[PDB]
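Fold and geometry: a report
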Protein chains: 2
Amino acid sequence: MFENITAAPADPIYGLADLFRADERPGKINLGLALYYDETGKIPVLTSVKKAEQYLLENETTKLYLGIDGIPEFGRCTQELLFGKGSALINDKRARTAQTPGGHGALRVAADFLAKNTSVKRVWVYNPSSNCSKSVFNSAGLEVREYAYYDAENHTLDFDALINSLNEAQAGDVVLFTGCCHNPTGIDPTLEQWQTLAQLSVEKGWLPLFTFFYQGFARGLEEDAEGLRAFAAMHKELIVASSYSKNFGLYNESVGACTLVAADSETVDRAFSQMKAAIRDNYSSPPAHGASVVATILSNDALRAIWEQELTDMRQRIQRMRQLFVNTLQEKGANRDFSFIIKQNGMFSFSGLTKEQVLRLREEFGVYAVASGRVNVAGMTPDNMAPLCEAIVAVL
Amino acid sequence: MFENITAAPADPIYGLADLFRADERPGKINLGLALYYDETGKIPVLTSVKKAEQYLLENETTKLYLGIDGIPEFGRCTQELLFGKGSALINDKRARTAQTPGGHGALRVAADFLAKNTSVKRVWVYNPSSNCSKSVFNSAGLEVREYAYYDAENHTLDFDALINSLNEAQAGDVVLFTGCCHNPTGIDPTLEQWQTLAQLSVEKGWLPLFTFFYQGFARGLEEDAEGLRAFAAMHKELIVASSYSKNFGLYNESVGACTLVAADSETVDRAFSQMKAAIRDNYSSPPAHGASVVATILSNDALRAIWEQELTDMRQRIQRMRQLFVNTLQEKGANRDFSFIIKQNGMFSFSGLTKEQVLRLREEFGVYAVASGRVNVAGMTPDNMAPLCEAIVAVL
């Protein structure tokens with residue numbers, strides 16, 4: 001059977017990454033991944049995670065499944081992180097959380113659940129995007145539609161264009177919003193803007209869906225969820241797909257969460273069961289190590305605090321790197337005003353390199369940036385920052 | 001949207017399990033699950049696992065994904081366990097192993113891969129079964145067919161009936177075989193019989209597919225794979241879906257494997273890539289904790305040996321329990337000769353309780369067995385063995 005099978009590789013994941021590993025070159029730099037690096041170039045394990053794994057190691061007695069909502073405070077702490085401690089949603093027991101596969105695993109659960117149990121017809125996605133989000137809603141059989149989310153001349157959000165595009169979004173549709181750090185501009189809506197949105201949302205009858213993979217990498221933990229909370233304040237229903245693989249550096253452990261918010265206690269429990277069993281329909285049982293590390297760190301006041309600090313540490317090094325990046329480019333002789341990189345959010349920078357300019361960095365300088373022009377500012381160090389800009393100022 | 005959503009529960013998994021937990025009764029017994037219990041009624045973690053987790057705890061530095069074949073010796077050790085060390089398959093680099101979700105995750109990969117890349121039309125399943133296997137091959141769009149695998153008057157395999165049923169199995173079809181401990185009779189093919197099968201297989205042109213979730217729970221590690229190895233000895237291709245969640249007691253950690261065996265080095269690598277990317281097509285990245293614990297235990301000669309012992313320990317307690325079970329029933333006044341339970345394989349026993357007799361045990365005695373009549377002999381202890389049989393001799 002296996003004889004006439006065709007090969008496969010091309011995928012710019014293992015691709016523009018193992019290709020880097022097999023680039024037999026001197027000072028080659030890797031700005032094309034989505035990991036946090038410290039100043040020496042390594043990718044540490046959070047010490048708050050290391051300590052948490054220690055507690056598991058000599059307190060575990062069984063290694064059995066307790067269900068998808070069976071890990072103690074995973075669900076409870078997840079909601080506290082999203083909606084705020086003391087949030088009316090959590091008092092009125094209006095949310096419910098399930099563990100899912102890493103990152104995309106959550107968004108796939110939501111889609112599969114949305115299809116099996118609601119007459120939802122269309123899902124509105126942001127454009128430009130990175131196409132990833134589009135295929136998932138299709139493979140469950142929901143049509144996807146684009147809305148305009150991009151920047152103006154002044155490197156600001158074209159917020160009018162956002163609304164206009166979303167005009168045709170019918171009620172009983174689903175709209176996807178990135179909670180924070182919006183690949184591909186790094187530009188997130190002002191607080192005033194989120195409320196204008198949420199008000200339009202509740203008015204025109206959308207079912208909002210939030211992705212949340214980089215919580216804490218914009219301004220802070222509680223501040224990045226300002227948008228989401230603005231929605232929850234006057235919404236009856238919404239779905240939220242979160243992910244701990246970035247903010248916990250449990251990269252490989254694939255720890256994701258789907259969170260269902262319905263009108264009242266009963267309505268959500270009834271629905272959550274369909275979701276719960278929509279997961280049993282699929283990818284079998286979920287990984288339990290990652291969910292436990294998270295739960296342990298979040299449910300105890302002391303570890304939670306160390307981890308809070310470690311995260312901030314990461315953010316601040318990145319915010320610092322953005323500065324050094326802009327400055328170096330200026331003094332290495334770029335003409336263009338790159339003062340906008342500073343106002344960008346999260347791990348990435350978008351100077352808008354052409355798809356050629358990007359390839360000429362790889363091929364001619366060994367600087368690896370994603371095909372689009374996304375550069376991982378978190379992989380920049382004071383050591384490699386300098387030839388980095390040279391390569392980039394030479395490409396123009 | 002969520003208002004007119006219907007409830008869901010019924011599933012005899014969380015069902016006849018949490019229903020046990022909420023049975024407010026005295027000496028209630030739970031023979032309806034698939035876990036190993038020690039003599040005090042608890043479900044330990046393998047000490048060989050505990051030591052392995054320690055090694056990971058202070059030797060890990062990154063927590064990144066290395067790919068589906070990225071964990072060092074996971075794949076290499078998996079094949080050694082299946083085909084034997086020094087096996088011609090492993091020298092000729094003819095196999096390739098990928099990590100998958102727990103248990104069913106492997107079998108779903110194989111199906112999805114089989115569909116996307118081969119003109120395979122039918123999958124032959126054993127009947128009677130527990131229906132689980134059937135839905136999987138469907139949801140990838142392969143038609144499934146039944147073959148006869150059951151017992152005679154004398155509690156032996158009706159091996160002729162097996163063959164006869166498999167007569168119409170066309171070439172370029174896939175036949176599924178349970179490697180060992182065959183739910184639902186506990187009767188596995190004699191070595192002589194496996195070869196007769198394998199010979200028929202190579203003759204009539206089937207693509208064999210082996211499931212292997214209980215390796216080591218029959219007679220021993222190397223012996224349970226006699227059947228599989230007999231096939232491999234003269235086969236050109238086959239797929240094997242293994243699972244570590246039982247023999248490692250990594251119940252929650254969901255550690256599964258799919259193994260692709262092709263004609264030669266090149267053919268397999270080309271094909272394995274389609275499989276590899278058929279996994280990226282879906283359930284996202286796989287859990288890495290469980291694969292690492294296994295890899296650690298298997299790749300080092302010392303831990304491997306402790307774990308070898310722990311497994312045997314489980315088997316022997318179970319084989320011992322079978323005895324006590326038969327004897328007690330005899331002296332508690334059953335008339336029927338239950339001497340056949342002794343020759344049964346794995347964790348389960350099949351006295352063939354009626355679907356009423358099973359329910360009357362739950363409702364009238366608090367003895368929880370699966371709706372079919374499968375009893376988990378591994379959940380029997382010298383303490384609960386006695387009222388257990390009373391309940392069963394009273395119902396029978």
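- Structure determination for this entry, per the PDB record, employed X-ray crystallography and reached 3.232 Å resolution.

1. Here's the deal with the overall build of chain A
- Each helix and strand in chain A was counted, giving 15 helices and 11 strands.
- In terms of overall size, chain A behaves like a compact globule, its C-alpha atoms giving a radius of gyration of 22 Å where 396 residues would be expected to give roughly 21 Å.
- Principal-axis analysis of the C-alpha atoms places the extent of chain A at approximately 60 × 55 × 55 Å.
- Here chain A, with 396 residues, has 58% of them falling under the buried criterion.
- Accessible area for chain A stands at about 16200 Å²; split by element, carbon and sulfur atoms hold 49% of it.

2. Observations regarding unusual backbone geometry
All names here are of chain A.
- The residue after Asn127, namely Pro128, is reached through a cis peptide bond having omega 5 degrees.
- By the element assignment, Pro128 lies in the loop between β3 (122-127) and α6 (132-138).
- Of note, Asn131 is a non-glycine position whose phi angle comes to about 60 degrees, a positive value.
- As for its placement among the helices and strands, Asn131 is situated in the loop between β3 and α6.

3. Observations concerning the packing of aromatic side chains
- In this structure the tally under the stated criterion is 31 aromatic pairs over all chains.
- Ring geometry for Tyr283(A) versus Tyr283(B): centroids 6.1 Å apart, planes at 70 degrees, classification edge-to-face. In this pair, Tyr283(A) is assigned in the loop between α11 (265-280) and α12 (289-299) and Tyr283(B) in the loop between α11 (265-280) and α12 (289-299), connecting two distinct chains.
- On the numbers, 4.8 Å between centres and 20 degrees between planes, the contact of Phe248(B) with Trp307(B) is stacked. Of this pair, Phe248(B) sits in the loop between β7 (238-243) and β8 (256-261) while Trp307(B) sits in helix α13 (residues 301-331), and the two are 59 residues apart along the sequence.

4. Looking at the side chain of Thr381(B)
Residues and elements named next belong to chain B.
- Take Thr381: it is sitting in the loop between β11 (374-376) and α15 (385-395).
- Using a relative accessible area of 6% as the deciding quantity, one classes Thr381 as buried.
- Setting aside residues up to four positions removed in sequence, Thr381 forms contacts with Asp38, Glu39, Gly41, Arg317 and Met321.

5. Looking at the nonpolar core
- Ranked by size, the top nonpolar core spans 262 residues in total, and within it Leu114(A), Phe177(A) and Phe177(B) carry the most contacts.
- Excluding anything up to four places from it in sequence, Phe177(A) contacts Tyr147(A), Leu166(A), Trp194(A), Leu197(A), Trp206(A), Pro208(A), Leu209(A), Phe210(A), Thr211(A) and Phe231(A).

6. Re the interface of chain A and chain B
- Taken together, the contacts link 70 residues of chain A with 70 residues of chain B.
- In this assembly, chain A packs against chain B so that about 5700 Å² is buried in total across both faces, 61% of it on carbon and sulfur atoms.
- A per-residue breakdown of the area chain A buries against chain B is headed by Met1(A), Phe2(A) and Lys63(A), which together make up 17% of the total.
- A salt bridge links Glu53(A) to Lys63(B), with the shortest nitrogen-to-oxygen separation between them at 3.4 Å.
- Our count for the contact surface shared by chain A and chain B stands at 24 residue pairs in polar contact.
- Taken together, the elements giving at least two residues each to the side of chain A that touches chain B come down to α2 (47-57), α5 (104-117), β8 (256-261) and α11 of chain A.
- Of all the elements, α11(A) adds the most residues to the side of chain A that touches chain B, at seven residues.
- Partitioned by chemical class, the residues of the side of chain A that touches chain B number 33 nonpolar, 22 polar and 15 charged.

7. Considerations on the pairing of β7(B)
- Burial analysis of β7(B) places six of its six residues in the buried class, the great majority of the element.
- Going residue by residue along β7(B), you find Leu238(B), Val240(B) and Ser242(B) tucked away on one face and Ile239(B), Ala241(B) and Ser243(B) tucked away on the opposite face as well.

8. What about helix α13 (residues 301-331) of chain A?
- Along its 31 residues, α13(A) runs 46 Å from first to last C-alpha, staying within 8% of the 45 Å computed at 1.5 Å per residue.
- A positive phi of about 95 degrees marks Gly333(A), the residue just after α13(A).

9. Observations regarding empty space enclosed by the protein
- Enumeration over the complete set of coordinates arrives at nine cavities of 30 Å³ or more.
- Reported here for the largest cavity is a volume of approximately 170 Å³.
- Looking at the largest cavity, it is lined by 15 residues, and the ones nearest its centre are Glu53(A), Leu56(A), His289(A), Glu53(B) and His289(B).
- Every element with two or more residues in the lining of the largest cavity is listed here: α2 and α12 of chain A together with α2 (47-57) of chain B.
- Residues that form the lining of the largest cavity fall into these classes: five nonpolar, three polar and seven charged.
- A volume near 90 Å³ is recorded for the second largest cavity.
- As for the second largest cavity, its lining consists of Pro101(A), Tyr283(A), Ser284(A), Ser285(A), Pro286(A), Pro287(A), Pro101(B), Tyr283(B), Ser284(B), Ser285(B), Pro286(B) and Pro287(B).
- Among the residues forming the lining of the second largest cavity, the class breakdown is eight nonpolar, four polar and no charged.

10. What to know about the pairing of strand β4 (residues 143-148) of chain B
Residues and elements named next belong to chain B.
- Alignment of strand β3 (residues 122-127) against β4, held across six bridges, turns out to be parallel. Paired with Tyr126 across the strands is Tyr147, a residue of β4.
- Since β3 and β4 lie parallel, the crossover through helix α6 (residues 132-138) that links them has a hand, and here it is right-handed.

11. Regarding the relation of the copies chain A and chain B
- Expressed as a screw transformation, the operator carrying chain A onto chain B has a rotation angle of 180 degrees and an axial translation of 0.2 Å, and the superposed copies differ by an RMSD of 0.1 Å. With respect to symmetry, the two chain copies, as superposed, fit the operation of a two-fold axis.
- Mapped onto chain B, 99% of the interface residues of chain A again fall at the interface, so both copies present the same surface.

Conventions adopted
Residues numbered from 1 in each chain as written, not as in the entry; some residues may be left out. Chains lettered and ligands numbered in written order. Heavy atoms only, no water. Helix = DSSP H or I, 4+ residues; strand = E, 2+ residues; numbered from the N terminus. Rg over C-alpha atoms; globule rule 2.2 N^0.38 Å. Buried < 20%, exposed > 50% of the residue type's maximum accessible area, 1.4 Å probe, protein only. Areas by Shrake-Rupley, 256 points an atom, 1.4 Å probe, with all protein chains shown as cover. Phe/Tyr/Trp six-rings, centres within 6.5 Å; stacked < 30°, edge-to-face > 60°. Contact = heavy atoms within 4.5 Å. Core = buried A, V, L, I, M, F, W, Y, C linked by side-chain atoms within 4.5 Å. Buried area = accessible area lost by both parts, 1.4 Å probe. Salt bridge = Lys/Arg side-chain N within 4 Å of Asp/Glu carboxyl O. Polar contact = N/O pair within 3.5 Å; in protein donor to acceptor, adjacent residues only side chain to side chain. Nonpolar A, V, L, I, M, F, W, Y, C, P; charged D, E, K, R; others polar. Expected span 1.5 Å × (residues − 1). 1 Å grid on protein atoms, 1.4 Å probe; cavity = no way out; pocket = protein on both sides within 12 Å on 5 of 7 lines; lining within 4 Å. Points joined across faces, edges and corners; volume = space filled by probe spheres on them. Pairing = 2+ DSSP bridges. Right-handed = clockwise from strand over helix to strand, strands pointing away. Least-squares fit on C-alpha atoms.

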